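Here the structure comes first, spelled out in structure tokens, and everything after it is commentary.
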Amino acid sequence: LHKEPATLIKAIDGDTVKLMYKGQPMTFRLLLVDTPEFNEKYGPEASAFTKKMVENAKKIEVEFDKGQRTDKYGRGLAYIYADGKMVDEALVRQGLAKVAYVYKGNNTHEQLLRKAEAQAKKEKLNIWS
Ligand SMILES: Cc1cn([C@H]2C[C@H](OP(=O)(O)O)[C@@H](COP(=O)(O)O)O2)c(=O)[nH]c1=O
Ligand SMILES: [Ca+2]
């Protein structure tokens, strides 16, 4: 896989962000995770966590997987990095997302994320508390 440039336009919630990619605004849905909706338990903390990560970053990057690059809603499907740290993984490591939506062909980072989830759960963090 390859990292490509993007710039933040706006934080949305725990697992969606609006980025400018190839000069066009698009909403990205983070691969292989599910955050709670803002209205649900840990939803606000997930949203805040992603927001801080993306807003504090000097360099945002998009990494597409091998599969589908857009979903049925028009959202970009990619892993998102903030100064080299994957947001998708970080949310899972902190117990603020579950590994989820694992589809054939877009699952390169599955086992990385599962390992993070196991550690969050062992620590009883947030969702796992
Ligand atoms: C993360 C992800 C979501 N989706 C679709 C499946 C779900 O459809 P439904 O809307 O029909 O439930 C929805 C979940 O996204 P959200 O968790 O953002 O709601 O987005 C994909 O198709 N591919 C993906 O990789
Ligand atoms: Ca969600």
Side-chain angles (χ1 to χ4, degrees):
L1 305 190
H2 292 288
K3 285 173 190 63
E4 297 177 62
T7 51
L8 186 63
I9 291 167
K10 208 189 188 125
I12 302 162
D13 75 346
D15 60 18
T16 62
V17 60
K18 194 148 287 239
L19 306 176
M20 197 188 285
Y21 171 69
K22 297 184 160 182
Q24 303 307 327
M26 34 201 298
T27 295
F28 282 85
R29 173 63 167 78
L30 276 49
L31 281 176
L32 300 188
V33 306
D34 194 32
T35 53
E37 303 297 318
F38 179 84
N39 68 108
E40 291 165 338
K41 212 190 184 328
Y42 302 107
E45 289 76 11
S47 283
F49 181 91
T50 298
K51 181 184 154 60
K52 177 165 182 193
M53 213 170 153
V54 295
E55 274 178 7
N56 285 9
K58 298 328 194 141
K59 176 166 94 176
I60 297 298
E61 292 170 290
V62 176
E63 182 183 59
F64 295 108
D65 210 324
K66 303 302 195 169
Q68 174 158 104
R69 295 187 173 198
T70 71
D71 71 13
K72 71 186 172 174
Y73 299 115
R75 302 179 303 178
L77 296 175
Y79 311 99
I80 305 299
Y81 296 78
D83 292 329
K85 177 159 190 42
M86 202 207 300
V87 182
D88 315 48
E89 189 191 10
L91 280 160
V92 174
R93 180 69 183 80
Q94 289 319 304
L96 287 170
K98 283 176 182 182
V99 180
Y101 293 108
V102 182
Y103 302 93
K104 251 329 99 89
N106 275 346
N107 67 345
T108 297
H109 299 310
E110 181 181 11
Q111 296 297 133
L112 187 72
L113 273 53
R114 292 200 187 273
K115 170 67 169 290
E117 191 178 267
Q119 311 156 141
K121 192 176 307 204
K122 174 57 150 194
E123 292 162 21
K124 315 263 220 214
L125 294 183
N126 288 308
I127 288 175
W128 307 112
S129 72

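Sequential numbering from 1 along the given sequence is applied to the chain's residues. Keep in mind that the numbers below use all heavy atoms, side chains included, and drop hydrogens, waters and symmetry copies.
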By salt bridge (charged side-chain N to carboxylate O under 4.0 Å, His left out), which residues pair with [X], not counting sequence neighbours?
X     : result
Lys51 : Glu55
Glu37 : none
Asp15 : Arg29
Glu63 : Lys3

When rounded to the nearest 0.5 angstrom, what distance separates [atom1] in [X] from [atom2] in [Y]?
X      : Y      : atom1 : atom2 : result
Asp88  : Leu30  : CG    : CG    : 4.0 Å
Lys22  : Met20  : NZ    : CE    : 15.0 Å
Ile127 : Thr35  : CD1   : OG1   : 8.0 Å
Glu61  : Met86  : CD    : CE    : 11.5 Å
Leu77  : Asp71  : CG    : CG    : 5.0 Å
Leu32  : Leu113 : CG    : CG    : 6.0 Å

Any non-hydrogen side-chain atom of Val54 less than 4.5 Å from a side-chain atom of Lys10? no

query: Run the side chain to side chain contact (heavy atoms under 4.5 Å, CB included) check on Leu19 and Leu8 step by step: do they pass?
result: CA-CA 5 Å; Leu19 306 176; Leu8 186 63; 4.0 Å; yes

| query | Pairs in or reaching into residues 93-112: which pass salt bridge (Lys or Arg N to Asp or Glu O under 4.0 Å), with residues at least two apart or in two chains? | reply |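 Matches after skipping sequence neighbours: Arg93-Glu123, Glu110-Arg114.
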
Path from [X] to [Y] over hydrophobic side-chain contacts below 4.5 Å:
X      : Y     : answer
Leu125 : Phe49 : no
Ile12  : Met53 : no
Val92  : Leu1  : yes

What pairs with [X] under side chain to side chain donor-acceptor pair (under 3.5 Å), at least two apart in sequence or on another chain?
X     : result
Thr70 : none
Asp83 : none
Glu4  : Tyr21
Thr16 : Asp13

By side chain to side chain contact (heavy atoms under 4.5 Å, CB included), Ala78 pairs with (sequence neighbours left out) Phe28, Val62, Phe64, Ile80

| field | Any residue meeting side chain to side chain contact (heavy atoms under 4.5 Å, CB included) with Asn126, in chain and number order, not counting sequence neighbours | value |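 Only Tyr42, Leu96 meet the side chain to side chain contact (heavy atoms under 4.5 Å, CB included) criterion with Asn126.
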
Here the ring-ring contact (aromatic ring centres under 6.0 Å, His included) pairs for residues 78-109, sequence neighbours left out, are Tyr79-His109

Considering all heavy atoms of both residues, which atom of [X] and which atom of [Y] are nearest to each other, and what is their separation?
X     : Y      : value
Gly14 : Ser47  : N-OG, 3.4 Å
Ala97 : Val33  : CB-CB, 4.0 Å
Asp65 : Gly105 : OD1-O, 3.6 Å
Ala57 : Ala82  : CB-CB, 3.7 Å

* Asked: Is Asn107 reaching over with its side chain to a backbone N or O of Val102, donor-acceptor style, under 3.5 angstrom?
  ->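 Answer holds: no.
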
